[PDB]
C-alpha cells in the first residue's frame, strides 16, 4: 500500500478535532497547516491548543495558524510559548512582533536568536528593536541577525553604508546572502560601473538579493553596449524580487519583442521592472498577437497590463475574461484593461466577474463605480470590503454610497474602509470632526495610517502639534497623511 496512508489518516483524525474548541479551524486553515507545517505541525497545534489561546499568551486562532503553517512549525509553536513572555517583558516587544518573528520557516531559530542577540544589536550597534524585529521576520532570520552583527561595522565603515541600508538589505529572505554579496560586490558595482551605493542597496534589498547583484555584475556590460540600455534601466530591472530572472529574460527577449511586435526598449524595460518580470515578458511574447487579433486590444494596452507585478497572471486572465466581461457584464474593453493594470489584476478581474452583478443589484452601485473600486492594487480586497461594509457604513454611520466608493477607490481601500468604520464614531463624536472630514482624510492612499495618526494626536496629544487646529490637522492629513503629520512633528522640535 501507499506509504503516506498512515500519515494522511493521522492528519485527518487530528484535523477533525481542531474544528472544535478552543480553535474552530475551517478547512482553509487546516489545509494550509498541512501543506506547510506538515502532520507534526497539525499534531502540535492540537497538542498545544489550550496553552496557546488561553491566558497567558492569549493568541487568536489566526495567529496560531500563522505560526503553525511553516517548516518546523511544531518547533516555532513550542518556542513561542516559551519565549513570548521573555521577549515581551525582558526586551519590551509586543506579542504581534513575536508572532511575526515566529511566522516563518525556522521560526524557532529566529526567536531564539532574537532572544540572544537583541541586546547586543541595540547596545553595541545602535539598532532599534523594531529594526531587530524586521531583520528577524523572514526565513533564515537567525542567519540574517548573526550576519548583521558580524558585518554592520565593515559595511558602514569600509563600504559607506548607513545602518538603515544594512537593515534594509538584511530584512529579506536569504538576508545573510545579500549582505555577504554586498560586502564583495559594492566596490565593484560602484567603481567599475558607476552605480551609487543607493542603487546597489536597491538591488540587494529583495529576496534572492545575492542572485540579482551577481547577475547585475555579469549582464551589465552585455546589456549596456549590445542593447542600448542605461545603467539606470538595468538597475530598475534588477531592483525587484527575482531580478536575476528578469535580467536574463531581458537579454533573451528584448530583440524578439522589439522586431516581432514593434515594442520600444522602454516598453520592454517597463514590463521587466516588476516582480516576476520574466513571467510577464514570456507571456507577452506569446499572448500579444492573440490579444491584438481582429483589431482587438492595442499593443499599448497589452504592455500596460504586463507592466505590474504578476502581469503574467493579469494577461492570461484578461484573455480568458475579456469576452465574458464585455458580453455578459456590459464592460467596455477599455474598462477591462484598467482593472487589470495593477498588482493583482488577476484577482481584481475575477472579483469583478463575481461581485459586479451583486454590488450593482444588491447595493445600488454602477458598473463604473465597481470598475473604479477594482482599478487599484488590492482591488479585490477593496471590492470584498465594500460588499461587507456598505450597509453598516451607510445605515449605521451616516455615509452616502458615493463616499464609501471614494474611500475604497485607492490602494489599501480595504484598510481605509475598515478603519473608518472603526474610528468614525470617536473621531466625530468624541472630537468633533465632521464625517466629510473623515472621509476626506480616508480617500487617499495611506488612508488607514492617516486616520490612526489623527486619533493618536487627539487622544494622546503631542505638544509638537498643539499649534494646529483640528481643521489644520485635517488639512495636513489629507495633504500627506501620516508622513506629513510626522514631518510636522520633527519641524517643531
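Numbering follows the first chain given and starts at 1.
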Given the B-factors recorded for C-alpha atoms, which segment has the greater mean, 283 to 291 or 76 to 84? 283 to 291
Using the B-factors recorded in the PDB entry, average over the C-alpha atoms of 128 to 136 and of 354 to 362, then report which stretch comes out higher. 354 to 362
Highest-ranked of 463, 432, 449, 435 once sorted by CA temperature factor in the record: 463
In terms of CA temperature factor as recorded, identify the highest of 186, 269, 374, 328. 328
Third assignment of residue 11 from its chain's C-alpha B-factors: middle
Entry-reported Cα temperature factor of residue 162, expressed as the chain third it lands in: middle
Can you tell me whether residue 204 has a C-alpha B-factor in the lowest, middle or highest third compared with the other modelled residues of the same chain? lowest
Looking at the temperature factor on the CA atom of residue 46, which third of the chain's modelled residues does it land in? highest
Assert third(CA B-factor, residue 445) within chain per record equals lowest
